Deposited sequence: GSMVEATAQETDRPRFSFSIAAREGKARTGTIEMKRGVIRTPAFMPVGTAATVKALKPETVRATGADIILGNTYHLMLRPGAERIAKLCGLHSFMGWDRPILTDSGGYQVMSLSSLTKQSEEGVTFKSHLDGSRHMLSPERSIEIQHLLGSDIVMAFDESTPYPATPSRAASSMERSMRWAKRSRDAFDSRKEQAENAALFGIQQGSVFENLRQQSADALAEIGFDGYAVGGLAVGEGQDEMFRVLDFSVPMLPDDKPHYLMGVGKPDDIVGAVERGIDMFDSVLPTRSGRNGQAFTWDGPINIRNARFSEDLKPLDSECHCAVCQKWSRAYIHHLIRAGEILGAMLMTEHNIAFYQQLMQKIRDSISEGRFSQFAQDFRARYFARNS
């Protein structure tokens, strides 16, 4: 009964929206946070635990999966969902960002050649090959393959990368639409580029809306610009995107970045922060992050957060988790990660509820006042 892709906005407050994305493998509540499942695992969590925290969708990294265990191998093993045991929607990034940030790079208009950061094996990516890999994975939301430009970006380099990206967005569209099984069961998002420059962002938006996509991502942020500049860029960039389609801010971010981005019209988020910070001993709380290794928690019997409903905060103390993290114990990573992901989902839930009730502006004020009292 479920549709391929249907975004519906149930309530709005200013630029903020709340609603649902209906897909064949499930419903995504927006604004949505996607836990990151890099190499076919949300690190230190079983998929059932990921779901129990409230996640409706997770993200997979195309660049990592193509290096290990391999895209064709995953297809032969019945696709990513079956492989890793997550049966709800999966969004896959294009891999273009990690090629720039992780691999040993030839770049051209056809695509990119690079050496694996793991073993120096040679690989290739292009609009067509990236769409094909995401198809071999079985991805539900496919990202167009673009060209990332490092930070900071000179206007010429930002416009160079943006224009080639828009040509690649058209090739991504066509590659997606050529493959019937993919085009009937998955969705395709386009990526706005153009750095901090308003004119380039607008040309990017026009090109993408001319091609037509199921959703639109804001690319090229959370790469060093700081929150003030990111918000300033969001202020004029998001209204350029089609209003009736989801808006996806890639790689963001800290809780306060998420709230501010929702205030500016963003519907979807992903970040390694809750998982990676958790393994490193940082727990998010409504009173700000805490460093659980600090000596002040060594005999603290309170849970990580006094209001959190997650199973970790129901069962174990700060003192216990302090001990596990300082001891290097795997269970420390597990509990910290589950709490952090549950905290992110509770944030998204409070965001959605406050928009639905027309008190999101008050929620954002209240959130910041307490989170930054620390």
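Absence of C-alpha coordinates is noted for several segments of the deposited sequence, namely 1 to 11, 117, 387 to 388.
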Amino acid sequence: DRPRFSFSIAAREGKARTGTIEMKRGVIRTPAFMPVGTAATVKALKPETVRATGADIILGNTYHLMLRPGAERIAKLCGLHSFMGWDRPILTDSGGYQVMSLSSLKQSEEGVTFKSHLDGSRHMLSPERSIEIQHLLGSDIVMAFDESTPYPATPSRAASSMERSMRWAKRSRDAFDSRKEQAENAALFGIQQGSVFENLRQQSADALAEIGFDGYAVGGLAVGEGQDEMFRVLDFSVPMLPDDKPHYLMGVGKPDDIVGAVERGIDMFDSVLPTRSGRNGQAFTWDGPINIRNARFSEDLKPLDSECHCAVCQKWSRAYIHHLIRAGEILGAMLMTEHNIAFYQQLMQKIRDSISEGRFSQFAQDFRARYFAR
From here on, numbers count along this sequence of modelled residues.
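Judged by mean Cα B factor in the deposited record, 222 to 230 ranks above the other of 222 to 230 and 285 to 293.
As recorded in the PDB entry, 5 to 13 is the stretch of 346 to 354 and 5 to 13 with the greater mean C-alpha temperature factor.
When the C-alpha B factors of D257, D300, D206, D267 are read from the deposited coordinates, the top value falls at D206. Sorting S108, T92, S130, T275 by the CA temperature factor given in the entry leaves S108 at the top. Among the modelled residues of the chain, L200 sits in the highest third by CA temperature factor in this PDB entry. In the deposited entry, the Cα temperature factor of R73 sits in the middle third of values across the chain's modelled residues. Annotation for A144: CA B-factor lies in the middle third of the chain's modelled residues.
In the deposited entry, the Cα temperature factor of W168 places it in the highest third of its chain's modelled residues. Ranked within its chain, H123 lands in the highest third, by CA B factor from the PDB record.
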